[PDB]
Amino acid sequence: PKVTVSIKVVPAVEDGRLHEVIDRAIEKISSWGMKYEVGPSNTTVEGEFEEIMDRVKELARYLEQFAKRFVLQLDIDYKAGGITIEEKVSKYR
């Protein structure tokens, strides 16, 4: 199935670099070719679950060059038969 996965990076860097590491994470996520939405606290991608999990492997390795330590959080909405961003939000927009 197609699912949604919200991704948050919290790097262990001095706060003046915080936003920058996050920008690299967002840019990387945007390269995946999947529908995505940047929010105030996370970035949500919509796509096939196993592909996203593989992309998350690449994202973590990529982020090492910018931050030696970071928290990476995934919030997955897993639904048999699929769930999309629009099904979750369109009613409130």
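The first residue of the sequence shown is number 1, and the count goes up from there.
- Per-stretch averaging of Cα B factors for 45 to 53 and 63 to 71 places 63 to 71 on top.
- When all modelled residues of the chain are sorted by CA temperature factor, residue 18 is found within the highest third.
- Residue 80 sits in the highest third of its chain by CA B factor, as recorded in the PDB entry.
- Annotation for residue 9: CA B-factor lies in the lowest third of the chain's modelled residues.
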